[PDB]
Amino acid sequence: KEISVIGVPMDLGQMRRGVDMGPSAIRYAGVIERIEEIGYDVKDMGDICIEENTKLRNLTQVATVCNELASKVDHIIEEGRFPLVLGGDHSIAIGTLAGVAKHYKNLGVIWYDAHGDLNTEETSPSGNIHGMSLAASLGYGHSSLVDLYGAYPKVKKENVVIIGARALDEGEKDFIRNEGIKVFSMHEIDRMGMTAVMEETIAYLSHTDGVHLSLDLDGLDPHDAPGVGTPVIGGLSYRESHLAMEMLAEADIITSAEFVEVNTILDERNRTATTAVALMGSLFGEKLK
């Protein structure tokens, strides 16, 4: 019943995408009071203050922020609290998972995203480390990232479930096939329904000793989440995502979480941040009946 929130206003990569405004927008949407109202004790750790290379853009700075984030997430779990990380770009998951991995020996990851973020420096069309954060956490990529806060893979391929994917690069599709990553693409979600997708996901991770939720708001359709770094049409509805959070809450398996890629520049009256807060409310136990 105890949560520590940390904001990471990082917007790095080929060009700014505005996702450094995410933590501020989510706070504007009342995330702290929302979780407190459910009955949690909430500790706001604040935001990390963030002060050439084409294949790995802003690598030194990404590594510096992720090292600080990993140690802060590590210490939140040492204190027995739930770490809730608020994102700019999805490369902060490299630091989040490195910190979480200090405390779990068989960690599940649910990656809720339009993208797989499974690129390496060889397969990336852009050099964006936020398009590499899941691959790096699986142990594939640059040593500065893969060995960050620990010289070992933070997550095992058999413990990942990707939900919402619809903009995978060709090299990511090969990785998924060759490595046997469990992926629910939009076409499978249309065929199965989100209820069946979430039951299969929870069953697939039943053996883990904790589960990290890495929720990129661009998993949702731009109609429901216009304010994201890289919008991709054809995504999950608010209703589907809200139901998914409620099913995860009922299963009581989520032990850490991050909500990333909110971009106020493309948002409409902050409504993507408002939606992110509602999804967190559902994740942390709000019920409709």
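All residue numbers are counted from 1 along the displayed sequence.
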How many residues sit between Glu51 and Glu52 in the deposited sequence but have no coordinates: none, 1 to 3, 4 to 9, or 10 or more? 4 to 9
263 to 271 versus 14 to 22: which one carries the higher mean Cα B factor per the record? 14 to 22
59 to 67 set against 232 to 240, stretch whose average Cα temperature factor tops the other in the entry: 59 to 67
Based on what the PDB entry reports, which of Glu188, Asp113, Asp89, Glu199 has the top C-alpha B-factor? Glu188
Peak C-alpha temperature factor (PDB record), options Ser137, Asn159, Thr96, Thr123: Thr123
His75 CA temperature factor, ranked by third within the chain: highest
If you rank the chain by CA B-factor, which third does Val211 end up in: lowest, middle or highest? middle
Within this chain, which third does the Cα B-factor at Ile129 fall in: lowest, middle or highest? middle
By the recorded C-alpha temperature factor, relative to the other modelled residues in its chain, which third is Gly193 in? highest
Going by what the PDB entry lists, where does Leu288 fall on CA B-factor within its chain: lowest, middle or highest third? highest
